[PDB]
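Asker: Experimental coordinates follow, after the sequence.
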There are 4 protein chains.
Amino acid sequence: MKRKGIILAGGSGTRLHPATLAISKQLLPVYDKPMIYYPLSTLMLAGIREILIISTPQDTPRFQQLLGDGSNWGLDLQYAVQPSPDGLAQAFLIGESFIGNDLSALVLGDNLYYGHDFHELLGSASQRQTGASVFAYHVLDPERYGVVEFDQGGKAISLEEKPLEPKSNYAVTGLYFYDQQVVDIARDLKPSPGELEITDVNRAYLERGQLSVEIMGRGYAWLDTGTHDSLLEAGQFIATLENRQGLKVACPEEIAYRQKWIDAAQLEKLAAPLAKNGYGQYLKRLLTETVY
Amino acid sequence: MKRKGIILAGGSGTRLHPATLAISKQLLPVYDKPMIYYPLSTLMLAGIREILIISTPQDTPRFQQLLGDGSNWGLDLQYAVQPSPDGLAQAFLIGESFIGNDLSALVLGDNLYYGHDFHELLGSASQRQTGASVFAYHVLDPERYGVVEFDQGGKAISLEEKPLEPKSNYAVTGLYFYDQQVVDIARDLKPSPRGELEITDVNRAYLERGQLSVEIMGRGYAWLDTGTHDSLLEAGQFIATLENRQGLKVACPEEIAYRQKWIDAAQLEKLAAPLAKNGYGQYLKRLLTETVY
Amino acid sequence: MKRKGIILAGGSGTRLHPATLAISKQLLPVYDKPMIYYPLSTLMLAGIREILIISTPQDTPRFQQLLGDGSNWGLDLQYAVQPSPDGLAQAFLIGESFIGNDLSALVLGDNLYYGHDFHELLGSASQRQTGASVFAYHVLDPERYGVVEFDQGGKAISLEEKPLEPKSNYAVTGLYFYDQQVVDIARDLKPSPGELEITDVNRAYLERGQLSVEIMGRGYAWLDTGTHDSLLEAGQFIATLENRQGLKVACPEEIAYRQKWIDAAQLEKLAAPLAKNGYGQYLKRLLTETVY
Amino acid sequence: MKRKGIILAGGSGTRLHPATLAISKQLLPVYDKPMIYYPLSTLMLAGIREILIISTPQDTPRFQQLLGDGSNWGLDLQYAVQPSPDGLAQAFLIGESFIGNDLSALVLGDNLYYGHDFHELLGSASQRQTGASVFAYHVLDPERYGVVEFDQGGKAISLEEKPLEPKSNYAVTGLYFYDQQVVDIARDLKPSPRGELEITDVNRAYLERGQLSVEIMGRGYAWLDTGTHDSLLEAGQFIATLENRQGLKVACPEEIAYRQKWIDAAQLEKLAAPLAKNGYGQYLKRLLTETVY
Ligand SMILES: CCCCS(=O)(=O)N(C)c1c(N)n(Cc2ccccc2)c(=O)[nH]c1=O
Ligand SMILES: CCCCS(=O)(=O)N(C)c1c(N)n(Cc2ccccc2)c(=O)[nH]c1=O
Ligand SMILES: CCCCS(=O)(=O)N(C)c1c(N)n(Cc2ccccc2)c(=O)[nH]c1=O
Ligand SMILES: CCCCS(=O)(=O)N(C)c1c(N)n(Cc2ccccc2)c(=O)[nH]c1=O
Ligand SMILES: [Cl-]
Ligand SMILES: [Cl-]
Ligand SMILES: [Cl-]
Ligand SMILES: [Cl-]
């Protein structure tokens, strides 16, 4: 069945001003590409093609100019705005008619993932046609996120949002898969102590016992881009991987062509406008080179 | 006699595409603040308050949104567009009416400077009220820049642009001081074989007239640019190591304007409030009570 | 059956002098621990307990003081020297009587690995009781390594050592698994144009059609520490992972305790001498915390 | 009148264990060269040629292997051990016969300095032939250091060691100049509550006598230390960005000795050969033909 994807690329507030005064976080580069390329590549990796990008009233035309209607990468892109940063769950209100009758999946515009068999870890998430699937990852600072609590035997029992006293060190990453049940669950939500919390959306699935909570192991890197210090670290992290390997991370053109969403000829047409820099040359090398 | 400044912050073309497809280079951060804060701070260190910012038609409003007219920082900022990226020396045809009969200074919107007595090094560039004054810095890769050539005694004898076999390793920094002759030198230049009004031709004109002062910017200075993705990241790591070590900032324009006495403590306090939550407003607040030597 | 491990921690020559004038590369720290901890942790991860450390005549007592007889981490450590840097295959001459009759495995002292299911990728290597198993990894600069060549259909056909003209971009990592056949193959080896080449040891297995060449995917990081620039990159790479996660990479004490090679009580005894710094505090946290 | 120098490069204890279980801190690299090259270079910048190096009994031979007696670099190096790590001011009881009736200078073997006119800033510290001279640098974390306190006019009025509530953000750098009184001040000190002969007591003695010169090391200077794993890595990224930008090196002792004229071109050429293969020997070779300002 049909599964659609949202990228919530909204306002980081004033938290990183003045770095973000001119233009929103998710259009900043992480090393060699816009930050958005990374969650865009995430959805593409779970095999999602029809995608809704949400952002500030101001930055939406810029995400638009950046991406187009997607048709160039064998994707289908539709855009929507969020008036005020009133919580991540608000993505499910804004995208209701986009979501329609289908299965959905929400990724944060400022979250990076990297690792082996990542395709498969998402592939097994996208496959469950019922309930919701989220990921837990061990971190040093669990307070900054939705913390998940497991019982003596591996089962999820509590989910607290930014708790002052973490129970475990297990944070909920910014990737989520939901069934047809999500939108309605989101309509019945009340503001928190003042946002529509993604964690309530998840605990509503936990109480109905339909939150599947799979561990994303220490062999995976989950980076968020929350501080100037960490945004820097993620640029160094990508830079080291890409220069070591001669291969890119979250290059969508490559992700499309590999999922066979565009033929060798279309990819080449995408290589043309960027032939002079290394980014194009990279796409061009993808026509002749075998990469396992 | 007063000096005006020009920041060139136009189109870097397609070189750093796709990072720069959505916004222009000079809005990307270097650590905790927009890249343009760094050359804007450089002009301020030179005591210059009237600055023209030249960018693309497409990005000009985003610069306006970030920097305004300068009144917040005791400056006056004007804006101009460069529709076609036809080379650096063109900032002088676009900036003509801005410049008038005044002295000027050009800065690249994508160069950072750091180090000791940087202020005094700019003051003596700014005090020479006739001719041009540029700066020479030893680099690894002078192939990429305007290269200077010195005789046995340290007089500059030639300037070449991007030679394959540079005569020295001394590159011309993206900082230039000019008298009133610069506009007329720029109006008379013919397009490079490329079709770019090259600033090295402008400086070369002044050199032929014995009016080019070339001062050495020591290896004790950091002159970084951000010409590649790797070097942008390198420049971010650099500032963060200085700021995290020191609890002082590099190229905080509120602090510098305060330190020039272009704004007072009351105005600084007002500038801090809408940012009191983050480290930056907290940093502007702390400047009010602390003596920093 | 019994499988033993070598760590070849010998001379990098004069390549990184003066940084390495005082003491050999593999005792330099990568971020928070000696470089050797990393290949040591690699062998431990393929379930290897009996290990031979080879190094310069000069640095052997220092590797010794660093590690002891291993008995503290439930390992069994024996030491051996290499007079001159006359090739990596020389490890199989020096360690003959150590190797004895058993299965073996050689890792380079200056190679870092990181990734998900790394235990398993080694577990499937250590398991094949016949022939040799090596890994290929895509890289930008294949010239610096043994390059492997694959045919139109995924099979390894040539192995060239530092070729001037790489065929593929696939380099041989510094992890190798060999059967009882290795030692003898190494005795019959002649010096190259002037070293005993590890690649000849491997091509000898390729000609007998007994080199198993498994792709280590782009989801894995293989770092070597060959330039001052790269040694730096690997320190930043570890630092980012460890500070993000609150978990260490290649902490042997943790690898032992998890493989149950030491009981909660012994680990605690190891936590004592380092209680004041973060490294001990980390071991101490391992007694009470559940890490999936 | 001549000045001797002392580098303290002893046991950092167990703090950076396990990185430092096999070798002492001051042998670890900062980028492309051993950490001790950096303070050794600092002494050389001060014009000091006779250096005592104080390390553990265990590591002393490895320093000897790396640095020798100095003759290669126009210096004379001697060695001494500190069996027990009893604090910095103890370098003066151990170094007594080395010091004699001469002036001295202490440097921490784990501090880096960079920036413009660093040489001249050391010269004026070295020219004051009476009293002590230290340096104050604004930091984020003065809790960790000896903190200076200034009155309204910039005279130093107190010194505190690791206060929980520092009076300023000005920390005392690990660089100190002393006259002949320092040994006698050190012999009379009583163990800190910890049991460490604290250098801040030594400097405090001189302050009480109106003989402490405290000079500001500007924010245009980088004074980095390597007190944590993260900051060691940060200091490596820092040097590499300067050296990779410039094609010049920071704290290359062959270059500095050559530049002081402590060795000549023939001697430099000899020092380059056993390293002609790597970038370092290539860098020593290139110093023979290039003019660097
Ligand atoms: C979007 C974050 C995860 C990217 S990743 O799967 O770990 N990764 C390194 C990666 C991978 N693995 N691949 C290979 C791949 C291509 C298509 C489907 C699955 C895997 C890419 O073409 N681009 C990539 O960035
Ligand atoms: C970005 C322009 C060069 C920066 S700098 O002169 O080296 N520097 C560290 C600096 C300094 N020195 N100062 C202090 C200062 C401010 C105004 C006039 C002289 C000195 C600042 O307020 N901000 C600064 O960024
Ligand atoms: C030795 C390089 C590979 C280390 S790793 O397997 O990727 N890794 C991150 C790691 C892992 N995965 N683990 C968990 C683990 C412990 C024991 C057996 C398998 C896996 C650790 O205890 N320490 C580690 O460093
Ligand atoms: C590590 C001591 C401080 C280094 S420094 O004075 O800022 N500096 C960059 C430096 C400089 N300036 N020089 C040039 C120089 C050498 C000798 C005397 C004056 C200047 C060097 O040869 N090596 C150096 O590391
Ligand atoms: Cl894992
Ligand atoms: Cl200088
Ligand atoms: Cl993979
Ligand atoms: Cl300064």
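Answerer: Ah, there it is. Residues are numbered from 1 along each chain as shown, chains lettered A, B, ... in the order given. Ligands and ions are numbered 1, 2, ... in the order given.
Asker: can you confirm residue A:124 is in a helix?
Answerer: Yes. Counting by DSSP: H, G, I helix; E, B strand; the rest coil, residue A:124 is found in a helix.
Asker: And for the residue in the stretch 151-292 of chain A that chain B sits nearest to, nearest residue in space, chain neighbours not counted?
Answerer: The nearest approach of the stretch 151-292 of chain A to chain B comes at residue A:228, 4.4 Å away (Cβ to the nearest Cβ). From N, CA and C alone the C-beta is placed, and that goes for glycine too. Leaving aside its sequence neighbours, residue A:228 sits nearest to residue B:32 (Cβ to Cβ, 6 or more residues apart in numbering or on different chains; 4.4 Å).
Asker: In contact with the one you found, which residues?
Answerer: Residue B:32 makes contacts with A:16, A:18-19, A:228, B:239-240, B:243, B:249, B:279-280, as judged by Cβ atoms under 8 Å, 6 or more residues apart in numbering or on different chains.
Asker: Try it again at 10 Å.
Answerer: For residue B:32, the contact set (Cβ atoms under 10 Å, 6 or more residues apart in numbering or on different chains) comprises A:16-19, A:227-229, A:231-232, B:236, B:239-240, B:243, B:249-250, B:252, B:278-280, B:283.
Asker: Quick one: name the residues of the stretch 151-292 of chain A near ligand 1.
Answerer: Residues of the stretch 151-292 of chain A lying near ligand 1 by Cβ under 6 Å from any ligand atom: A:249-250, A:254-255, A:258-259.
Asker: Select the longest strand from chain A.
Answerer: Taking DSSP state E as the criterion, chain A has its longest strand at strand A:170-178.
Asker: Ends of stretch A:82-91, what's the gap?
Answerer: Start and end residues of stretch A:82-91 are separated by 8 Å (Cα to Cα, to the nearest Å).
Asker: meant to ask about stretch A:144-159
Answerer: Note: stretch A:144-159 ends 13 Å apart using Cα to Cα.
Asker: And for stretch A:190-201?
Answerer: Start-to-end, stretch A:190-201 (Cα to Cα) is 11 Å.
Asker: out of all of them, which helix in chain A is the longest?
Answerer: helix A:228-245 (DSSP state H).
Asker: Let me know whether that helix sits next to ligand 7.
Answerer: No. For helix A:228-245, no contact with ligand 7 is found by Cβ under 5 Å from the ion; the gap never falls below 11.0 Å.
Asker: and the residues of the stretch 151-292 of chain A next to ligand 1, which of them are in strands?
Answerer: Among those, no member lies in strands (by DSSP E).
Asker: need those residues in a markdown table with distance to ligand 5, can you?
Answerer: As requested, those are exported to a markdown table (distance: Cβ to the ion, whole Å):
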| residue | distance to ligand 5 |
| --- | --- |
| A:249 | 18 |
| A:250 | 20 |
| A:254 | 24 |
| A:255 | 22 |
| A:258 | 23 |
| A:259 | 24 |
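Asker: So whichever residue of the stretch 1-150 of chain A sits closest to ligand 5 versus ligand 7, what's the distance?
Answerer: Relative to ligand 5, the nearest point of the stretch 1-150 of chain A is residue A:115 (8.0 Å; Cβ to the ion). Distance, residue A:115 to ligand 7, using Cβ to the ion, to the nearest Å: 7 Å.
Asker: ditto for residue A:77
Answerer: Residue A:77 is 27 Å from ligand 7, by Cβ to the ion.
Asker: do the same with residue A:185
Answerer: In terms of Cβ to the ion, residue A:185 sits 35 Å off from ligand 7.
Asker: Check whether that residue sits in a helix, strand or coil.
Answerer: Taking three-state DSSP as the rule, one finds residue A:185 in the helix state.
Asker: Ligand 4 versus that one, what's the distance?
Answerer: 62 Å (Cβ to the nearest ligand atom, to the nearest Å).
Asker: What of residue A:275?
Answerer: Residue A:275 sits 41 Å away from ligand 4, going by Cβ to the nearest ligand atom.
Asker: And that residue, how far from chain C?
Answerer: The gap separating residue A:275 from chain C is 19 Å, by Cβ to the nearest Cβ, to the nearest Å.
Asker: still on that earlier bit, quick check, nearest of the residues of the stretch 151-292 of chain A next to ligand 1 to chain C?
Answerer: Scanning those for proximity to chain C, where the rule is Cβ to the nearest Cβ, the winner is residue A:249, at 8.2 Å.
Asker: And that closest one, its phi and psi?
Answerer: Main-chain torsions, residue A:249, degrees, to the nearest 10: phi -120, psi 130.
Asker: do the same with residue A:23
Answerer: phi -170, psi 150.
Asker: and if you look at residue A:30?
Answerer: The phi and psi torsions at residue A:30 (degrees, to the nearest 10) take the values phi -100, psi 110.
Asker: beta partners for it?
Answerer: Per DSSP bridges, the residues bridged to residue A:30 are residue A:33.
Asker: Residue A:76 now?
Answerer: Per DSSP bridges, the residues bridged to residue A:76 are residue A:50.
Asker: Over to the one 4 residues further on?
Answerer: The bridge-partner assignment for residue A:80, based on DSSP bridges, gives residue A:54.
Asker: distance of it from chain B?
Answerer: The gap separating residue A:80 from chain B is 18 Å, by Cβ to the nearest Cβ.
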